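J.: The structure under discussion is supplied below as structure tokens; questions concerning it will follow.
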Amino acid sequence: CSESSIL
Amino acid sequence: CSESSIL
Amino acid sequence: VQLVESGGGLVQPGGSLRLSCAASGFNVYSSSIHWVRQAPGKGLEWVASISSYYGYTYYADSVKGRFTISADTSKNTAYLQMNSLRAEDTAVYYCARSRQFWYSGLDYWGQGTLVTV
Amino acid sequence: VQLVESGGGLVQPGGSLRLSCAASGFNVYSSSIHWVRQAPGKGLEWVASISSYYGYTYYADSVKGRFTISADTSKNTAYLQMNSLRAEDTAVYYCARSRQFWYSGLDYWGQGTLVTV
Amino acid sequence: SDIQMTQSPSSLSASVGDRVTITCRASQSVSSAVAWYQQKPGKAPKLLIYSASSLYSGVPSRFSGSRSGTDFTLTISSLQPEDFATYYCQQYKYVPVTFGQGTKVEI
Amino acid sequence: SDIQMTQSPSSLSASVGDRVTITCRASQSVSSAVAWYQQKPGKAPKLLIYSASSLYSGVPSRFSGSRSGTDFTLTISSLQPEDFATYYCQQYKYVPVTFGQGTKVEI
Amino acid sequence: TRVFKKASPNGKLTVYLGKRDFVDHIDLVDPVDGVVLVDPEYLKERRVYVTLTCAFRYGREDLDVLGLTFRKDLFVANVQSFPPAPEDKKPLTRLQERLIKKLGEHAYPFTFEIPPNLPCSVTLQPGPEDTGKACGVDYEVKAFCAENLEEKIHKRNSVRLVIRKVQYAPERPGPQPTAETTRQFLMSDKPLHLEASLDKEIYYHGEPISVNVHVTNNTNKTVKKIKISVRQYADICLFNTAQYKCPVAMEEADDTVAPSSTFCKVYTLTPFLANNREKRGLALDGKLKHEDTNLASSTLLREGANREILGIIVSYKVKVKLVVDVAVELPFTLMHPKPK
Amino acid sequence: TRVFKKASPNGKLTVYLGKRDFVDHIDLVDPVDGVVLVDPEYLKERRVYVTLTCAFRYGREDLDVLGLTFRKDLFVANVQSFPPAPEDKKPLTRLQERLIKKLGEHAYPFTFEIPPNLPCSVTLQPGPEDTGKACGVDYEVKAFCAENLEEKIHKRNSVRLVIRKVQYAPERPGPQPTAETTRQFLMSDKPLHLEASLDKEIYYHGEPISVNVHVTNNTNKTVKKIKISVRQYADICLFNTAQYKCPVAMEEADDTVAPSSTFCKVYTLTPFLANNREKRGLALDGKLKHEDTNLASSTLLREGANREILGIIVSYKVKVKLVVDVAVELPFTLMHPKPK
């Protein structure tokens, strides 16, 4: 599944 | 074309 | 079941007159009303007709544009509006009923009001 | 621009009371109105919300079914119906506004009528 | 266009009880779409036959129809005192509806 | 489901001009959906930060947010005499919106 | 009597029919039959065939995009005529044998027993921008001379006839339809009771529809308007059923009924095609040529099963609505009488 | 900056993105770009492709011809990532290069220059009976290890992202729309003059629409009711154009005007999706998933040509109608503001 990450 | 006749 | 028609009279050439054929016992949507004049002592001539179910109206060539025909569907009465009456059009204007589904002759007739230009 | 709120009072357990949040300067269709109480000396707690654009209404578990929230769109005022009040429900009942497109926090707040047991 | 409708004879007479025939020719082919009408002196015409053969309701059986090509015939098996009038042949296959000139039946 | 916003410290004090930081952990990943409120004694709260970093209109620049995973922080660059109040941490990624327990700042 | 015919452009093949419209009695369909007049020396193709085709040429607006239109032959049957086939040997009807006498030994018969449950000849009203052949269910009779079925049909030698399958009103009327609905409201715990009732089950075309209405408003709410409209349903089911809907006549009345009061009157509506011309997709009764015909009459489904019907199925019911909203629908039958 | 990402089910391939809603500036579309993190030691195939797909999937009334749901890729572009393509010597964006720093040499870039005039991400509201993939125009980003294009891609090593192409309200307003119609009647050449205007050209979603109306009636006929409604059109044009026709909000006032009199008031329409759920085929703004989204915002065609735009094009106008009938239609724009 999709996720997120902080540059 | 269409038509008609009397027996 | 019958057609009652009224409004005949005298109008000199250039005038206009209104005839009404008030039916009774059948709706104008299930029928088509035709106006069948008949010059004094001559044969019949169909002048105009209306078929409310489809909305079409038909006029004879001798009266194309001169006359206008309409019917009030709320009370099943039909009107002929004759404009610019002339010498040759004096006659008795019987109205008549033609079954909408489908045409089977003018089975019911008015009483024949009189128009004498 | 602001939210005018009124309708506080005292009701013993088993009673019911009605609060209203009269909006001004924006429509309830471009906004969603949330009722955000605060027990005396305790922290905030969100108790109900309405989003007229979609028609959804959300209630906290502690007031699931007990309360009912609605708002007429003609005058853009939202009502909250409390039924079977209890002691733990005593609190201030700040009304609040959350942008519908899209949520960005409760930027405008009412004034917080009281409720007591 | 107009379907010229010649009808003959323009006048006739027959004794009471005699059989008479009225002939009507459609200048074009109108299929079986013809109707026959009786018009007592001065009053509204009355419908007798439609489809060129179908006898209308209420009318005496003495009236009858028939077809042969573009020639149409209306025949009365027995002419009675009340049968003297003017009869008109009408087609209704194409607008404008065209009526015949008529044939007065005389004493 | 419920998302306990364990906010700390539950109380603190700092002199005017001193920098103050308030931390707020989300018991579950709430993305960047957090907002910070200022509630003066007894009056309606006021929104300062949304999206956990964005500064609202009107509020002074002295308020700045920040994020690190499930840990959120609100930092006042220099506390002022009118900044003594109760600040509440709110998440809004999941209904029900849940508020922190608050941190009263004292003179 | 008179019989129809059509002579092929080739002139050597002509097909005769007793009638063009064949009635359907729910359980049976009148057998399509006639004769074909053929001669050997003009018959270079060595055999003569007849072919009854039942087609369903759809193409409604949903497929207007993509441009493509489709037709599926819902029923096809063939018979061999010039070389008499024993498999087709059936006793001749009175009309067929009379025509055989009239024509001589140089004509050959045919006959198709159309099975029931096939859709009736129905056309859907084309839109003002349409220019193709009218969509709907139709029947067509084909007679041709060819060496075998594999040989392509010759536009210079073939006869194309269009017949239609028609239904007529039952001689015995149904029960006087009635319908009512009761509603409850939070503002007041008393009901809003609505009734409606037509006069008779079956209505002929053009005949005015008449509705009895009665409203008992015991609530605190006020009935803003009384809306009555008659709506035509046309079930389309080739592979899986789809539904479309059209109101053919409507009468909005500003009449209202006060709280805790009763209202009662009789309305009248008459469906007609004059004002419904603009209504794209409306079902019209099967046309032979590009003529004008009435609104599609109701379809009499076979028994109560009403299962696995193809093509278009048309049905009517009239909805009575109150703008407090509350609505109730009444079914009725719409088709011509049996011609005498 | 909170970049997105997605990991292939096997975990061998993952694709990063800076944002998922790419604004459209009428004349240019923001370039889709990111990076793919791959490891050669598990990539003996030696190709890592990325595929942008502008799918158009459409439903409507095709079910009656069976489940003939069709889709046509309005635009497809591909790029080769793991083996650096020699011809793709295009400078990286700030986001791509900073991600490369974050990730090291085991990540490779890509970028698609979506051309203008491609339809905006729009969804058509499914009916209650529809359960398949929601129809409409959508965008999707694929990334898969492979050895050639002809070989079917394995679900094991494929990543599917759904982005959407979004359009925002212009920074400046248009002109105050106005419209009027003058009617003459058979009774006499005496006009019935109707005007209408709106407060402003652009209305954000949920904002009320103020309609300014004025009626001057010099005829003997009486305006029985005033009908004002706001209606949404969605121009569907894949091969040949088709027009949708769907109201979204309506107000019916029983206001009237006596002969030789004037009437003037301001109404307030406000479109919203709460009461428009039942309207199948209504246009909704493109979703990133099976979430809830507002009514489809209007579409801004490129330049004044507005020629040959595929997919679905949405536009709004409000109709003012008088039941004497006389009507006038007035356009307006309905889209969100540009977020800060």
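Chains as they are written, first to last, in the deposited numbering: chain V, 347 to 353; chain U, 347 to 353; chain I, 5 to 121; chain H, 5 to 121; chain M, 1 to 107; chain L, 1 to 107; chain B, 6 to 329, 342 to 357; chain A, 6 to 329, 342 to 357.
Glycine included, C-beta positions come from ideal geometry on N, C-alpha and C.
#1: Distance check for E134 of chain A and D143 of chain A, CA to CA, integer angstroms please.
#2: Please tell me whether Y83 of chain H has its Cβ less than 8 Å away from any Cβ of chain A.
#3: Taking only beta carbons into account, state which residues of the segment 55-76 of chain A come closer than 7 Å to chain B, listed in chain order.
#4: What did DSSP end up calling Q7 of chain M once you bin it into helix, strand or coil?
#5: Let me check one thing: in DSSP terms, what residues is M255 of chain B bridge-paired to?
#6: Can you give, in chain order, each stretch of the alpha helix (DSSP H) that sits fully within the segment 71-151 of chain A and has at least 4 residues?
#7: Please tell me whether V40 of chain A has its Cβ less than 8 Å away from any Cβ of chain V.
#8: With 8 Å as the limit, tell me which residues of the segment 58-73 of chain I have their beta carbon closer than that to any beta carbon of chain B; keep them in chain order.
#9: Under a CB-based cut-off of 8 Å, is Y98 of chain H close to chain A?
#10: If we cut at 8 Å on Cβ distances, does residue 338 of chain A have a partner in chain B?
#11: With DSSP as the reference, identify every bridge partner of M352 of chain B, one or two as the case may be.
#12: Output yes if chain I places a C-beta closer than 8 Å to the C-beta of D26 of chain B; else output no.
#13: Does any residue of chain V have a CB that is nearer than 8 Å to the CB of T6 of chain A?
#14: Can you list, in chain order, the residues of the segment 31-45 of chain I whose Cβ is nearer than 7 Å to any Cβ on chain B?
#15: Just verifying my parser: in three-state terms, what is the DSSP assignment at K104 of chain M?
#16: Under the DSSP definition of a beta bridge, which residues are partnered with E9 of chain H?
#17: For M86 of chain I, write down the residues that DSSP places opposite it in a beta bridge.
#18: Taking C-beta to C-beta, are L123 of chain B and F75 of chain B nearer than 8 Å?
#19: With a CB to CB cut of under 6 Å and the five nearest residues on each side skipped, what residues in its chain are close to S53 of chain M?
#20: For the beta strand (DSSP E) containing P196 of chain A, name the first residue and the last one.
#21: For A82 of chain I and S202 of chain B, I'd like the C-alpha separation in whole angstroms.
#22: Does the segment 14-31 of chain B come into contact with the segment 163-177 of chain B, if we say contact requires no fewer than three beta-carbon pairs (one atom in each stretch) closer than 8 Å?
#23: Can you tell me which of the three DSSP states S51 of chain M falls into?
#24: Kindly examine the ligand ADP and report whether one of its heavy atoms sits closer than 7 Å to the Cβ of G109 of chain B.
#25: Determine the burial state of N222 of chain B: buried for a count of at least 16 other Cβ atoms within 10 Å of its Cβ, exposed for fewer.
#26: Is it buried or exposed for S350 of chain V, if we count other Cβ within 10 angstroms and need 16 for buried?
#27: DSSP has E185 of chain B in a bridge; who is on the other side?
#28: Once the 5 residues before and after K104 of chain L are set aside, which same chain residues still bring their CB inside 6 Å of it?
#29: Does the beta-carbon of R41 of chain H have 16 or more other beta-carbons within 10 angstroms, so that it is buried, or is it exposed?
#30: So, at 6 Å on beta carbons, what are the nonlocal neighbours of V8 of chain I in its own chain, with the 5 sequence-adjacent residues on each side left out?
#31: Bridge partners for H38 of chain I per DSSP, in chain order?
#32: Shorter than 8 Å from the beta carbon of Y87 of chain M to some beta carbon of chain I?
#33: Quickly, what does DSSP pair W113 of chain I with across the bridge? List them, please.
#34: When you compare the CB of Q104 of chain H with every CB in chain A, is at least one pair closer than 8 Å?
#35: Between which two residues does the beta strand (DSSP E) containing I214 of chain B stretch?
#36: Along chain B, in chain order, which residues have C-beta atoms closer than 8 Å to that of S88 of chain I?
T.: Let me lay it out:
#1: Here the question's residue 143 of chain A lines up with position 138 in the eighth sequence. Here the question's residue 134 of chain A lines up with position 129 in the eighth sequence. For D143 of chain A and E134 of chain A, the distance between alpha carbons rounds to 22 Å.
#2: Counting from 1 along the fourth sequence, the entry for residue 83 of chain H is found at position 79. Output row for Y83 of chain H: interface = no.
#3: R65, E66, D67, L68, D69, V70 and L71
#4: Within the fifth sequence, the letter at position 7 stands for residue 7 of chain M. The answer is strand: DSSP assigns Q7 of chain M an E or B state.
#5: Residue numbering aside, residue 255 of chain B sits at position 250 when the seventh sequence is read from its first letter. In the DSSP output, where bridge partners are listed per residue, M255 of chain B has B:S234.
#6: 99-108
#7: Looking up residue 40 of chain A in the eighth sequence gives position 35. False, the Cβ-Cβ gap to chain V never drops below 8 Å.
#8: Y58 and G59
#9: One-based indexing of the fourth sequence puts residue 98 of chain H at position 94. It does not; no Cβ of chain A falls within 8 Å.
#10: For residue 338 of chain A, nothing is modelled; it lies in the interval where chain A passes from 329 to 342 with no residues in between.
#11: Residue numbering aside, residue 352 of chain B sits at position 335 when the seventh sequence is read from its first letter. None; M352 of chain B has no bridge partner.
#12: The count along the seventh sequence starts at 1 and reaches residue 26 of chain B at position 21. Answer no: the Cβ-Cβ gap between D26 of chain B and chain I never drops below 8 Å.
#13: Against the eighth sequence, residue 6 of chain A aligns to sequence position 1. Yes, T6 of chain A lies at the interface with chain V (some Cβ there is under 8 Å from its Cβ).
#14: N31, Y33 and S34
#15: In the fifth sequence, residue 104 of chain M corresponds to position 104, counting from 1. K104 of chain M falls in the strand class under three-state DSSP.
#16: For this step, residue 9 of chain H is matched to residue 5 along the fourth sequence. The partner list for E9 of chain H (beta bridge, DSSP) reads H:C25.
#17: In the third sequence, the residue the question calls residue 86 of chain I occupies position 82. According to DSSP, which records beta bridges pairwise, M86 of chain I is partnered with I:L21 and I:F71.
#18: As a first step, residue 123 of chain B is located in the seventh sequence; it is residue number 118 there, counting from the start. As a first step, residue 75 of chain B is located in the seventh sequence; it is residue number 70 there, counting from the start. Going by C-beta atoms, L123 of chain B is not nearer than 8 Å to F75 of chain B.
#19: The residue given as residue 53 of chain M occupies position 53 in the fifth sequence. So the list reads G65, once near-sequence residues are dropped.
#20: As a first step, residue 196 of chain A is located in the eighth sequence; it is residue number 191 there, counting from the start. Segment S193 to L203, the beta strand (DSSP E) holding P196 of chain A.
#21: The residue you call residue 82 of chain I lines up with position 78 of the third sequence. The residue you call residue 202 of chain B lines up with position 197 of the seventh sequence. About 31 Å.
#22: yes
#23: What you label residue 51 of chain M is simply residue 51 of the fifth sequence in a count that begins at 1. Coil, per DSSP.
#24: You won't find the ligand ADP in this model; it holds no ligand whatsoever.
#25: Within the seventh sequence, residue 222 of chain B is the residue found at index 217, counting from 1. Under this definition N222 of chain B is a buried residue.
#26: Translated into the one-based positions of the first sequence, residue 350 of chain V becomes position 4. That one is exposed.
#27: Residue numbering aside, residue 185 of chain B sits at position 180 when the seventh sequence is read from its first letter. Answer is B:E200, bridged to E185 of chain B.
#28: The residue given as residue 104 of chain L occupies position 104 in the sixth sequence. Closer than 6 Å at the Cβ level, and outside the excluded window around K104 of chain L, lie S11 and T86.
#29: Taking the fourth sequence and counting its residues from 1, the one referred to as residue 41 of chain H is at position 37. By the neighbour-count rule (16 or more Cβ atoms within 10 Å), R41 of chain H is buried.
#30: As a position in the third sequence, residue 8 of chain I is number 4, starting the count at 1. Once the five neighbours on either side are set aside, the close Cβ partners of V8 of chain I are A26.
#31: Within the third sequence, residue 38 of chain I is the residue found at index 34, counting from 1. Per DSSP, I:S53 and I:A100.
#32: Start at 1 with the first residue of the fifth sequence, and residue 87 of chain M comes out as number 87. Cβ-Cβ to chain I under 8 Å: no for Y87 of chain M.
#33: For the purposes of this step, residue 113 of chain I is taken as the residue at position 109 of the third sequence. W113 of chain I pairs with I:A100.
#34: Counted from its first residue, the fourth sequence places residue 104 of chain H at position 100. Yes, because at least one Cβ of chain A sits closer than 8 Å to the Cβ of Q104 of chain H.
#35: Residue numbering aside, residue 214 of chain B sits at position 209 when the seventh sequence is read from its first letter. Segment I214 to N222, the beta strand (DSSP E) holding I214 of chain B.
#36: Sequence index remark: in the third sequence, residue 88 of chain I carries index 84 (1-based). Chain B residues near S88 of chain I: none, gap ~28 Å exceeds 8 Å.
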